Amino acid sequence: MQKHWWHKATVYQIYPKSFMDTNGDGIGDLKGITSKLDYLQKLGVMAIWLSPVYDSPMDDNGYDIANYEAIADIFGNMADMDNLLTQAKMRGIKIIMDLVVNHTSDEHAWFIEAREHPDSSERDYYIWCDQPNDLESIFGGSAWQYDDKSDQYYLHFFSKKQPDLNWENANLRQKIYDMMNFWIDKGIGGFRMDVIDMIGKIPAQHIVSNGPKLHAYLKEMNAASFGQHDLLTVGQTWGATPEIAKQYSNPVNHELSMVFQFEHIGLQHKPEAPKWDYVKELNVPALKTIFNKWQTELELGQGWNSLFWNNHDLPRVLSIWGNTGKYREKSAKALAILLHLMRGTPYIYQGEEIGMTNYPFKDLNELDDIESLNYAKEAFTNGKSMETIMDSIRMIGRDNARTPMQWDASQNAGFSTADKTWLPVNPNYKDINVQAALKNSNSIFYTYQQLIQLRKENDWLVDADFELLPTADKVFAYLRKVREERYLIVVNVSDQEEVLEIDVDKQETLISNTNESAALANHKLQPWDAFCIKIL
């Protein structure tokens, strides 16, 4: 397999509005990000997946873009963007921009022209109809919004302020490629593609994800822009299966580097039910089966996996599948070890490296995400009390991943000097913060740092196969094998002691959050024990 710079890379996702505020408006900005590049360099990440910082009304906080080639006032300006690029590069960190082209803001110049002048070319940049079908919006309601100005419905799988682009229009696709090349020319390291598996949509036929022309568009996009370069492109694909992922990531297809698959995240809610009907108790056996399948199916020179626990749209891993009490740190380390030692490119969400958690939202007013507010509005009139609604939101609400990054124990956790922050800082910041984590030699931060270094200095993390071992339900163990080197990863994913009925000859310990020797010798695992040892 041809190796690229990103094959040894670990990506760090930054949610711009909640990373670092440098001008006291209570909202993170580009200068704030740039001011923390030394930190990220210490962590050792090679790239930053930067969520949207483009001009936007912020109806969906950046994913509703009004201008693909201008920075939103709140984040700063193009000069700030350029400096981030240059300062990051100087520290060996590439910037991966968030590519949101399945839709734009209804305040984008193209849509304004499409609505005001139905005969214009840009009218066809969007999807209109006289007779709407039953397609629904992901944020609630019909996916069709009637426009009384032109007397037609426009499609929007997301919010009403995010009209869908018409990917059947070759001229629209071209303008998207011109825009992508605008960014490529500035020296970015790649693109994270927002719900990219939706561009093959055919609404008339109720075809949304995995449309028939989907891969053809990606091949066309590749050839017209990033293909000739050596960038990292990761597509967000909810409708992806291992076979489809191969189509995406096998380099011979000339499409993407990898994609984000959400099969494991699916274990967070009852099957066939909205994410709001969550499941607290992680089904470890199911997880083993899912991870094992993706590690097995996407073999070398056949596909490449992306590895992640959470992002800006998901609950922080500790709150959903980890321990937020007595074993916060240990569980956090255990989950990090379990994921990063598999084959693929791991993604760390800001704050994950210090073990931040979800926020205890008390009422609707304290929220910001349109998705949560829409769900609440609808649930309230359908048999759900406000408390029940707030309980679901405290667990699954997207705002849980958007509270300010916790840097220290000062005001606003060192995130801002403002009276208040756009989203409230978690009270646990007094205990959970970057300064304290950097001070404690055995904090969660260093575990991530060590995992990152191992991946940067060892070919086996890339070349070794994956084999799931037969163990107790809550024990997640597997080996990575290449030639004659054998690495055993054992992670006790539970708050209880578990049995480890195995016998091996330990050669060396690569990383451990406990006494690996005692666990091996006693054939028992203390809660959240996690380690990787090279064995004979």
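Don't overthink the numbering: it's just position in the shown sequence, from 1.
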Of 250 to 258 and 133 to 141, the stretch with the higher mean C-alpha B-factor in the deposited entry is 133 to 141
Once average C-alpha B-factors are taken from the entry for 54 to 62 and 476 to 484, the winner is 476 to 484
Per the deposited B-factor column, the C-alpha that peaks among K280, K175, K201, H264 belongs to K280
Top Cα B-factor in this entry, restricted to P274, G355, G344, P404, sits on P274
Chain-relative C-alpha B factor for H206 (record values, thirds): the highest
On the chain's distribution of Cα B-factors, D369 falls within the third called middle
Among the modelled residues of its chain, the C-alpha B-factor of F226 falls in the third labelled middle
Quick tally, chain-level thirds of C-alpha B-factors: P285 sits in the middle
Binned into thirds over the chain's modelled residues, the C-alpha B-factor of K42 lands in the middle
